[PDB]
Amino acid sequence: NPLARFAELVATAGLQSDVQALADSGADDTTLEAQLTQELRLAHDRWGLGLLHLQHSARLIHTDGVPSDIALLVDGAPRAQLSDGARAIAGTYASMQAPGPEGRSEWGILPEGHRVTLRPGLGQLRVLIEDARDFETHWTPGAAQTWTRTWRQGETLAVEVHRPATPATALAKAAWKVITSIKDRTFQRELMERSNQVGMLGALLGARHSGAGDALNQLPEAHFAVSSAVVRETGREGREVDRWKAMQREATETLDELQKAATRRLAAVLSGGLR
């Protein structure tokens, strides 16, 4: 019951959760909570809320054995629970954010220090990757509505690739996919006409049964979207620039695929689901 709710939450970040399979295979609570933490941190790398300076963890909440809820922890303290619902969890994470005027996160990933303003070369990054210790770059454009940054913390080189997406943005792209794929022309004309009045999602929810938008609201797909992708590298490959170039290229392909897979899975919910 509790694990299934967690698997549905992190599937909005593209994860297939292993926690129910580990619980059925005899793992204890320490192994389960380590996997819960692993999947929560991978989901926050992809949700892109700008909370990389915080430490995320999960713990099980039992009631006479028998897991009943999952506590979501930030820096060792519980801040939300899975029973709270998807809107309440996303609102707890939203009160931790600091957007700028262009919507991106203003927090540094590292503790408060010098962040690099990258000028149009690769010579700054070559010395920071090869020769430096902990460093962190500011956002720089990566094209295709994509913004990117690179940081080292200890032995771990990391790169984030970010394209901004809200759940309303992600559902609107899925609503456009369903409406454009409508076979009869007269029916899609009135939905395009209705999209000008109530938006694309509300026009597509007008062709479903009453309460489908209420059923969509209880889903984590209405409150969580993929906007980032993070690739990390530890050890000797962390100081090579050709590894970092393969890291950013991995994160861009991972971000583009996770957002396109989001568009299909949301369009299937708007067309066939919400029952």
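From 1 onward, residues are counted along the sequence shown.
Set 43-51 against 235-243 and average the Cα temperature factors; 235-243 ends up higher.
In this entry, the higher average B-factor at the C-alpha atoms falls on 98-106, of the pair 98-106 and 113-121. Between the residues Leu157, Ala143, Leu72, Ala86, the entry's highest C-alpha temperature factor is the one at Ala143. Highest CA B-factor among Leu171, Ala80, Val198, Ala77, as stated in the entry: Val198. Among all modelled residues in this chain, the alpha-carbon of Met192 has a temperature factor (C-alpha) in the highest third.
Among the modelled residues of its chain, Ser181 has a C-alpha B-factor that falls in the highest third, as given in the PDB entry. Among the modelled residues of the chain, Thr63 sits in the highest third by CA temperature factor in this PDB entry. For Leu36, the recorded CA temperature factor ranks within the middle third of the chain's modelled residues. Ranked by C-alpha B-factor against the other modelled residues of its chain, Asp214 falls in the middle third.
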